[PDB]
Amino acid sequence: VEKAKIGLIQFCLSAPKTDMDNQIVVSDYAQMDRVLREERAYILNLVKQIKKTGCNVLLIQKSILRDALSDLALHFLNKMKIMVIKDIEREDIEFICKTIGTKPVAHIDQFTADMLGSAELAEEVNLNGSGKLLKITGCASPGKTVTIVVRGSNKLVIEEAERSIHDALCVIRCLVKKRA
Amino acid sequence: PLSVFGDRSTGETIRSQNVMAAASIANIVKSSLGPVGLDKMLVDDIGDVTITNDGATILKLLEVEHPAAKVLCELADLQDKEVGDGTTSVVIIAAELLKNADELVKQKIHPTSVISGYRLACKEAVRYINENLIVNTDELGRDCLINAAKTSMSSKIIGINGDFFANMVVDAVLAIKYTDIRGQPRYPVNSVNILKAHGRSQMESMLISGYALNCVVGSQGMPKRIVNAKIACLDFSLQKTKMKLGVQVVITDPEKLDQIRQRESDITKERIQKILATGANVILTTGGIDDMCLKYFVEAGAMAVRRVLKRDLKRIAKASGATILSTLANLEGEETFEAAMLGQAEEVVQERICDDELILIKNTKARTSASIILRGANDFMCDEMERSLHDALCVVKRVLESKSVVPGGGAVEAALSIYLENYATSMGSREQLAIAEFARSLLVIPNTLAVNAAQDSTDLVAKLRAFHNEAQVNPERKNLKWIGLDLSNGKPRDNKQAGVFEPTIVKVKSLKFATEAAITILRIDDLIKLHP
Amino acid sequence: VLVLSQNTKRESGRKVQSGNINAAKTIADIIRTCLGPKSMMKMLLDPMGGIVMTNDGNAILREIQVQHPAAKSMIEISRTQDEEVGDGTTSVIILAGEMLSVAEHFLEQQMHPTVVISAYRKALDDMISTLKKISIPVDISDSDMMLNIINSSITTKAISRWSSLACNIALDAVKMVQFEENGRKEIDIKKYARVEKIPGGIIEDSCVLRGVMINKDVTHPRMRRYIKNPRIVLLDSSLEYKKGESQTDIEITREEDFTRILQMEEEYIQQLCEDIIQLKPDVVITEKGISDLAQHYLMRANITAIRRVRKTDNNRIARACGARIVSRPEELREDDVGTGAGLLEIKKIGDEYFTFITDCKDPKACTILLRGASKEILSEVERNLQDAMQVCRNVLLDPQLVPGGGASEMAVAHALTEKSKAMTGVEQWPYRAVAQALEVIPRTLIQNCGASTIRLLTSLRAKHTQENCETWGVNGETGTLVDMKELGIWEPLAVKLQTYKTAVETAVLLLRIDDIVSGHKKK
Ligand SMILES: Nc1ncnc2c1ncn2[C@@H]1O[C@H](COP(=O)(O)OP(=O)(O)O)[C@@H](O)[C@H]1O
Ligand SMILES: Nc1ncnc2c1ncn2[C@@H]1O[C@H](COP(=O)(O)OP(=O)(O)O)[C@@H](O)[C@H]1O
Ligand SMILES: [Mg+2]
Ligand SMILES: [Mg+2]
C-alpha cells in the first residue's frame, strides 16, 4: 500500500446486538429472507460509510463479548480494497495514538475523514522463516515514541541484548537527570 | 554456607561437562556426513520406525535434557528453518570450535581475547569467501543447476538416480516461478503437491504438469472425466439453511409451517441453481455437502468435491486465475453469480493410484502449476524421498537467489585455514593463537569425510594443504584452488568444471551461527539448578 | 546425576546389520513353507477368538506380532505388494531374503554398501530390460487362453478340484465389472462385486448371478414376493414426519389446533405418497425408515417397499438396473426409473429371507453366492476368488505373458552372466551374486517336490546354457524338466516386474542401516 490513511475502530462490524436480551420472532415464510436482506443492507451501508471517508488501513480492537468482524464485512472490505488488521489489544492504544497520531473512533456517526492519520508507507515484511512482521514508516505528525527491534540466533542472546539495551538506556537517563 | 538448596558447580567442572556434552552431540550425528555416510533409524515406544539422516530431525527426535545440547539443537533447528541445507556441518564446526577454545581457556588465557580472535577470524573468512565466487549466469547456467541438485541429492537414498530427479526439480522450479515486481527473480517453494503412494518404483515417478488433489469424488453418479471444465472456488457450507441463536421461530398459524419448511429446503435449491446458472462443472467446497444437494450436481452432470483444504483451494485459484468467493453478495442487495470469476481447466481425470484414488488437474490458461508424486516401497522410503526433494528444492532456490556457486568439499575450508594461518603473522597481540585455533577447527570436515570413507586421512590432508600452499603463492598456479575432495578413489580432481557445486549463502550463515553459538556458550562458567 | 539422555540405547553398525540380516533370513525361512502346489495350509489364533485357516503368504504375515524394525519393514513391503497386484507376496520376501544372504558375504569383506546398492540398481535395470524383451503378447478376445491362465494361477490353492467353474465365474465377474462411464477412461474398481458367504450347501452350487442380493424382507406380508417385470425405484430421504433444525416453537391457544396439525401431517404424508405413486413405482428401496401411513398408502396401490439398506448395496442396485438414487420425491421424473429388472423372487435360505434380483438385461454389478461348510472355507474361497479376479484384471490391463516356473528366472540369470563378461572393476562380483541368487525359487520348488536340488539345478542349468532353450521349467507335481509350451503354466509380466522392483527396493532400504536409536517416548 502506498500513501495510506490509518484509522482506529473501537466498534464491532457484525450483527446488531443490544445491551439487553434481544430475540427475533419469525412467524412468516418471507421474514426469514427479509431479516437476511436487512442485515446485508446494513452491512453494505456500514461498508459504504467506512469507504466514503477514504480509509486504507483499518484497525479493529479485540472484542470478547461479540464478533468484531464477520465474514460478509471482511469480504466487502476486501472487495473495496481495504486492509483489515483485526488484532489490537486494549493496552497499546495510547502508544499507537501517540505514534501514528489518530484519534480513537467508537461510533460511525463521528468517523470523520479529518480524524484519520496520514501514512507514507504501510507494507508488511517477510523474514526467512520465523513469521511475518508489520511495519509502519512515514507519518505526517510524528510523536516522541520509537521502537527498537532486537534480533539474534538464540532467545537467551536476544534477552541478554535487551537487558543490555535497557541498562544503557537507564544509564543515559541517569546521566541526563544528574547532568554530571 | 550460602543457603541455595540446589546443586552448583564453579570452576572447570561445568566447562568439562559442557565440552563432553558437545563432543557427544557431535559424535552422535557424525555417521551421516557426506555422501559416504549411511542413514539412521529412530524407534519410539510403541513400534513406529523413523528412518532419516537430514540432521535436524535426528536432533529433534532424541529427547534432549541438557541445556548445552538444547542450545545446539535449537541452533540446528534455526539453521534448517533459515536456509534449509547444512544442518550437521554447522553443529560439527561449532563443536570443534568449542573443543579448540576449551584448550585455550585451560591454558590460563582470558576468554575475552579468544572471543575477539574468533570474531576476527570469522570476519576474515566472511570477507575472503566473497573473493572466491563463480557467477552461474556467466558460464553455461543450465549445467550448473543440475550439478547443484545432484550434489544436494548425493547423500540421500536417491544418490544413484540423481540425473532424472535433478531435471524434475529444475522443471518444477522453472514452472513454479511467480511474477511480482519483475525486479528480482523470486522462486517460492512449498507450492507443489508431494503425494506419497506405494506401488511403483523410482523411475516411474514422473512429473505432473499441474496441481494434484488428495480427495475423491462426492457421489458415484458424477462423471470422472470432463474436458474443458470450469473450476469454481467456494468458501461456504453447502447444506441446509439454519437460523442463528438469537433468531427463533414461534409458530402461530398452522397454514404457514409447511410453507416455512418447504422454503427452508427451496432456498438451497435456488442458491444452487443460481450458482450453476453460468455453466459450472468443477465445484470445490471446503465444508461439508448434504446428500440432498449432491442430487442436483449428479443430474446436472457436474463434479462436487468436499473437504478441500484452504491452501490447496488457494493454490488452485491462483494457478487457474479464479477468485475464492466466500459469499454470493455483491455491491447491492441481491445474491448474484457472474461468469467473469470462473476457472478454465484443460482436463480433469480422476486416476486410481494404488487402491486409493486422487483427482488430477492439468495446467490452465492463467498460470502453470506442478506436482511431484513420489513412489517408494513402504512408508519410510516415501518420507525420505520427500525430504530429499524438499532439500533439493531449497538448495535450487538458494542457488537461484544468490546467483553464485562455490565448489564445495574439502577445498573452501582448507583455503580459509590457509588464509587464517597467513593472517596470524600480522596480529602481534594475544589473538595470534585464536586465529590458529579457528583455522585448525575448519579442517575437521575433510577429516570426517576421510574417516567415513575408511581411507587415509593424514596423507590426504597433507596433500590438500600442500596443494593449497602452492596455489596461494606464485600467481602462475592460481588454478589449483579448485581441487576439492574425491572420496570415490582418494585423489584430488577438478571440482569446478564437473565436480561439486554449492551456493555461498550456506557457508557464511552456518559459520556466523557457529561463531555466535561458541561465543554465547563460552561465556558460561557457573551452573545453578534449583530443586523441584 | 548428570546425564545427556534418559532411557536411550545405541548400538554399533556391524551388530545392527547382522541382526537385520538374521531377522530377514528367519522371515524368509518361515515364509518359505507356503510355496508351490505341494505346500501346506496354516492356521492362526487371533486375540479376538477366531481361527484363520488359509494358504496366502500375506495373511500369515499380518497375524504375527514382531518387534524388529526389519521385520516391520518386511511386513510393510509385503502388504504394499499385496495391495498393488495381489499376487507374489511370498516370492518377493524370498527374493529379499536371498539377496540379503548373498550380500552379507560381501558386507563381511569390509565392502562399502554404496557400491552394493549401485550394482543392485544396475542389475535391476538389466532385469527389467530382459523381462521387457522376453515379453509375449496375448489376445483379449480368446476366452480359453484367459481361462487357462486363471487356472494355472489358482492351481496352488485348494480349489484345484473346482476351478472348472470358478475360472468361468471369475471371468464373468471381470467382464461384468468392467464399465466405461463418461470419457475415455475405463475404470476397473472392485467395489460393485459383493461376495456374500452363506454357510451350508455344496460347493458345486456356488454360481455367479446377473444381479444383486439383499439380505432383507418386505415390510408387510400382504405385499407381493414374485414380480415379473417391475419398475424398481430408488430413494434417499425419509418417508416419515421428523423435526426441523432451526429451533421452532408452536404456541396454540384455540381448540382445533391439535386436530388441524394432526390432519396436516396426514395430508402431507398422503401428498408425498401420491407424488411417489404418480410415477407408477413397484419396488421402493429407501435407506431410512417408513412408518405406517406411508406403508398403508403404498399397499393400497400394490407397491413394495424395502427398509434399511446400505449405501454400497444401493449403489450396486443402481448400477445393476440402470437408475439413480434421488432424494427429492417431488422431482423424481421418468429417466430416474430403472426398467432393467427381470426377476424379483424372495426365498428362504435357512430361516432367513433373502431378496434376489436377477434376469437383468445388461447388468454391471454381480453378486457371488458362496455355499460351503463353516466360515474358514468360505473365507478361503472368497480370498481365492478375489485373487483370481485381481489376476484377471492385471492380465486384461497389460496383455503380457512370461514363462512361469523357473524358466524366466534361469533365463534372466543366464543373460546377466553372459552380460557380466564385458564388465570390469569390483562391480562384477555383486552382479554375478544377484544373478546366482535368482535360483532360490526353483531350488525351493524342487526341495518341496522331489528334494533333488543339486541334480535338477545342474540339469536346468545345462538345459538353459543352450541358445535355444529359454522356456524350460521344473514341474511341481512330478520332478522332471518339461517345456512350458506344452504344459500351460503362465504368469503376468507386470506382477513379476512389480515383485522384482519391490524386492530390490526392500534390499536397498535394508542395506543402508547402521544405527538403531530407540527410547524417546515418541513426541
Ligand atoms: N558428491 C560429492 N563429492 C564430494 N563431496 C561431497 C559430495 N556431496 C557432498 N559432499 C560434501 O559432504 C558434506 C556434507 O554434506 P551432506 O552430507 O549432504 O549434508 P550437509 O551439507 O547438511 O552437511 C558437504 O560439506 C559437501 O562438501
Ligand atoms: N503347477 C505349477 N507348475 C509350474 N510352476 C508353478 C506351479 N504352481 C506354482 N508354480 C510356481 O510357484 C511360484 C509361487 O506361486 P504361488 O505360491 O501360487 O504364489 P506366489 O507367487 O504369490 O507365491 C510361482 O512363481 C509359479 O511360477
Ligand atoms: Mg546436504
Ligand atoms: Mg499365488
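Novice: Can you walk me through the overall build of chain C in this structure?
Specialist: Helices and strands together make up the secondary structure of chain C, namely 16 helices and 20 strands. Against the 2.2 N^0.38 benchmark of 24 Å for 523 residues, chain C shows a C-alpha radius of gyration of 31 Å, more extended than a compact globule. Along the first, second and third principal axes, the C-alpha set of chain C runs to 100 × 75 × 45 Å. Residues counted as buried form 50% of the 523 residues belonging to chain C. Long-range contacts, defined as pairs at least 24 residues apart, comprise 73% of the intrachain contacts of chain C with a sequence gap of at least 6. By element, 50% of the accessible surface of chain C is carried by carbon and sulfur atoms, the whole surface being about 26,100 Å². The average position of the 69 basic charges and that of the 72 acidic charges among the side chains of chain C differ by 4 Å.

Novice: Would you mind going over the arrangement of the chains with me for this structure?
Specialist: Looking across the 2 pairs of chains in contact, one finds the most contacts between chains B and C. Contact between chain A and chain C is absent, and the least distance between their C-alpha atoms amounts to 9 Å.

Novice: Explain the interface of chain C and chain B to me, please; I cannot follow it from the model alone.
Specialist: You'll often see interface size given as the accessible area lost when the parts meet. Chain C puts 71 residues into the contact, and the matching count from chain B is 86 residues. Interface of chain C and chain B: buried area, both sides summed, is about 6,800 Å²; carbon and sulfur atoms make up 52% of it. The tally of links between chain C and chain B comes to 8 salt bridges. Between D515 of chain C and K40 of chain B there is a salt bridge, and its shortest N-O distance comes to 2.9 Å. Counting across the interface, chain C meets chain B through 23 residue pairs in polar contact. Those elements that provide at least two residues to the side of chain C that touches chain B are α2 (69–84), α4 (113–133), β10 (248–250), α7 (257–277), α9 (311–321), α16 (493–510) and β20 (517–518) of chain C. With 9 residues, α2 of chain C is the largest single contributor of residues to the side of chain C that touches chain B. By residue class, the composition of the side of chain C that touches chain B is 18 nonpolar, 18 polar and 35 charged.

Novice: Sorry if this is basic, but what is going on with the UniProt feature "binding site: Mg(2+)" in chain C here?
Specialist: All names here are of chain C. In this numbering, the UniProt entry assigns the feature "binding site: Mg(2+)" to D87. You can see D87 is positioned in the loop between α2 and α3 (89–107). When its relative accessible area of 34% is taken as the criterion, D87 is described as partly exposed.

Novice: Quick question: what am I supposed to make of the sheet that holds β10 of chain C here?
Specialist: One key point about sheets: their strands pair by backbone hydrogen bonds, in either a parallel or an antiparallel sense. Here we have 3 strands laid out as an open sheet, ordered β2(A)-β9(B)-β10(C), and parallel in their pairing. Where the open sheet ends on each side, the last strands, each with one partner, are β2 (24–26) of chain A together with β10 of chain C. Strand-to-strand twist in this sheet, taken as the mean axis angle between neighbours without regard to direction, amounts to 35°.

Novice: What exactly am I supposed to notice about empty space enclosed by the protein here?
Specialist: Over the atoms, a rolled probe matching the size of one water molecule traces out where space is still vacant. This model, assessed by the stated rule, comprises 19 cavities of 30 Å³ or more. The computed volume of the largest cavity comes to approximately 180 Å³. What lines the largest cavity is a set of 15 residues, and nearest its centre among them are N132, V406, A411, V412 and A415 of chain B. Secondary-structure elements contributing two or more residues to the lining of the largest cavity are α5 (111–129) and α12 (412–423) of chain B. Element by element, the count of residues in the lining of the largest cavity is highest for α12 of chain B, at 3 residues. When the residues that make up the lining of the largest cavity are grouped by side-chain class, the tally is 10 nonpolar, 3 polar and 2 charged. Of the volumes computed, that of the second largest cavity is approximately 110 Å³. Taken together, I214, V218, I232, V283, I285, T304, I306, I317, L344, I346, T355 and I357 of chain C form the lining of the second largest cavity. Listed by contribution, the elements that provide at least two residues to the lining of the second largest cavity are β11 (283–285), β12 (304–306), β13 (343–348) and β14 (353–358) of chain C.

Novice: Before we go on, may I ask you to explain the pattern of salt bridges in this structure?
Specialist: Two side chains of opposite charge can pair, provided their charged atoms sit close to one another. Residues and elements named next belong to chain B. For the coordinates displayed, the defined rule picks out 59 salt bridges over all chains. The partner of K106 in a salt bridge is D102, and the shortest N-O contact between them spans 3.4 Å. For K106, a relative accessible area of 40% corresponds to the partly exposed category. Residue class for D102 comes out buried when judged on its relative accessible area of 9%. Across the pair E334 and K274 runs a salt bridge, and its minimum N-O distance is 3.8 Å. With a gap of 60 residues between them, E334 in the loop between α10 (310–320) and β12 (347–352) and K274 in helix α8 (residues 254–275) connect regions that are remote in the sequence.

Novice: What's the story with the UniProt feature "disulfide bond" in chain C in this structure? I'm lost.
Specialist: All names here are of chain C. In this structure the UniProt-annotated cystine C360-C366 is broken, with an S-S distance of 11 Å. Its place among the elements puts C360 in the loop between β14 and β15 (367–372). Position of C366 among the secondary structure elements: in the loop between β14 and β15.

Novice: In this structure, what is going on with the site of ligand 1? I would like to understand it.
Specialist: Residue and element names in this part refer to chain B. Near ligand 1 lie 14 residues; those nearest to it are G34, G86, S155, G409 and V500. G86 has a polar backbone atom sitting 3.2 Å from an oxygen atom of ligand 1. A distance of 2.7 Å separates an oxygen atom of ligand 1 from a polar side-chain atom of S155. When ligand 1 sits alone it has 550 Å² of accessible area, and the protein chains cover 88% of it. Among the residues forming the shell around ligand 1, the class breakdown is 5 nonpolar, 7 polar and 2 charged.

Novice: When you look at the site of ligand 2 in this model, what are you seeing that I'm missing?
Specialist: Residue and element names in this part refer to chain C. Neighbouring ligand 2 are 14 residues, the closest being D87, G88, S91, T156 and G405. Here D87 contributes a side-chain N or O atom positioned 3.0 Å from an oxygen atom of ligand 2. Protein contacts shield 88% of the accessible area of ligand 2, which totals 540 Å² for the unbound molecule. Sorting elements by how many residues they give to the shell around ligand 2 places α3 first, with 3 residues. Per-class residue counts for the shell around ligand 2 are 4 nonpolar, 8 polar and 2 charged.

Novice: I would appreciate a short explanation of the side chain of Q350 of chain B in the present structure.
Specialist: On the secondary structure map, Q350 of chain B appears in strand β12. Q350 of chain B sits in the buried class, given a relative accessible area of 4%. Polar contacts involving the side chain of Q350 of chain B include one to the side chain of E357 of chain B, which spans 2.7 Å. Apart from residues lying up to four places away in sequence, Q350 of chain B is in contact with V216, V217, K224, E357, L358 and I359 of chain B together with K185 of chain C.

Novice: Explain the interface of chain A and chain B to me, please; I cannot follow it from the model alone.
Specialist: At the junction of the two partners, chain A supplies 27 residues and chain B supplies 31 residues. Each partner contributes to the roughly 2,700 Å² buried at the junction of chain A and chain B, and carbon and sulfur atoms together form 57% of this total. Interface area lost by chain A to chain B is led by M32, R40 and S153 of chain A, which between them contribute 22%. Inspection of the chain A/chain B interface yields 2 salt bridges.

Novice: Would you mind going over the packing of aromatic side chains with me for this structure?
Specialist: Any pair of aromatic rings gets described here by the distance separating the centres and the angle formed by the planes. The tally for this structure, following the rule as stated, stands at 4 aromatic pairs over all chains. Their ring planes at 70° and their centres at 5.4 Å tell us that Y118 of chain B and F438 of chain B sit as a pair that is edge-to-face. Here the residue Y118 of chain B occupies a position in helix α5, and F438 of chain B occupies one in helix α13 (residues 432–441), the gap between them amounting to 320 residues. Grouping residues by exposure puts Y118 of chain B and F438 of chain B together as buried. Their ring planes at 20° and their centres at 4.3 Å tell us that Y128 of chain B and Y419 of chain B sit as a pair that is stacked. One end of the pair, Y128 of chain B, is in helix α5; the other, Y419 of chain B, is in helix α12, with 291 residues separating them in the sequence. The exposure class of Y128 of chain B is buried, given its relative accessible area of 11%. By way of ring pairs, the aromatic residues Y128, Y419 and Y423 of chain B are connected into one cluster. One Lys or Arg, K463 of chain C, reaches over the ring of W472 of chain C and ends 3.2 Å from the middle of that ring.

Novice: Hey, could you run me through the packing of α5 of chain B against α12 of chain B in this one?
Specialist: What describes two packed helices is the angle between their axes and the distance between those same axes. All names here are of chain B. Between α5 and α12, whose axes approach to 10 Å, the crossing angle comes to 125°. Regarding the angle of α5 to α12, the classification is oblique. The handedness of the crossing between α5 and α12 is right-handed. Contacts from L120, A121, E124, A125, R127, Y128 and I129 in α5 reach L416, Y419, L420 and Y423 in α12. Taken together, the residues that form the contact of α5 with α12 break down as 9 nonpolar, no polar and 2 charged.

Novice: Where do I start with the nonpolar core in this structure?
Specialist: Nonpolar side chains tend to gather and get buried jointly when the protein is soluble and globular. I93, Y120 and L511 of chain C are the most contacted members of the largest nonpolar core, which has 92 residues in total. In this view, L511 of chain C contacts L100, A103, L107, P113, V116, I117 and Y120 of chain C; residues no more than four positions away in its chain are not counted. Formed by 57 residues, the second largest nonpolar core is a distinct cluster that contains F438, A439, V444 and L522 of chain B.

The rules behind each value
- Residues numbered from 1 in each chain as written, not as in the entry; some residues may be left out.
- Chains lettered and ligands numbered in written order.
- Part of a larger assembly, values for the part shown.
- Heavy atoms only, no water.
- Helix = DSSP H or I, 4+ residues; strand = E, 2+ residues; numbered from the N terminus.
- Rg over C-alpha atoms; globule rule 2.2 N^0.38 Å.
- Buried < 20%, exposed > 50% of the residue type's maximum accessible area, 1.4 Å probe, protein only.
- Contact = heavy atoms within 4.5 Å.
- Areas by Shrake-Rupley, 256 points an atom, 1.4 Å probe, with all protein chains shown as cover.
- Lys, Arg positive; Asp, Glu negative; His and termini not counted.
- Charge placed at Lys NZ, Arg CZ, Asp CG, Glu CD.
- Buried area = accessible area lost by both parts, 1.4 Å probe.
- Salt bridge = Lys/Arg side-chain N within 4 Å of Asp/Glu carboxyl O.
- Polar contact = N/O pair within 3.5 Å; in protein donor to acceptor, adjacent residues only side chain to side chain.
- Nonpolar A, V, L, I, M, F, W, Y, C, P; charged D, E, K, R; others polar.
- UniProt positions renumbered as here; feature names shortened; annotations may be inferred.
- Pairing = 2+ DSSP bridges.
- Axes fitted to C-alpha atoms, helices over the stretch in contact; angles between N-to-C directions.
- 1 Å grid on protein atoms, 1.4 Å probe; cavity = no way out; pocket = protein on both sides within 12 Å on 5 of 7 lines; lining within 4 Å.
- Points joined across faces, edges and corners; volume = space filled by probe spheres on them.
- Disulfide = S-S within 2.5 Å.
- Near = heavy atom within 4 Å.
- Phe/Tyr/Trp six-rings, centres within 6.5 Å; stacked < 30°, edge-to-face > 60°.
- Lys NZ or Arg CZ within 6 Å of the ring centre and 35° of its normal.
- Parallel < 35°, antiparallel > 145°, perpendicular 65-115°, else oblique.
- Left-handed = near helix turned anticlockwise from the far one by under 90°.
- Core = buried A, V, L, I, M, F, W, Y, C linked by side-chain atoms within 4.5 Å.

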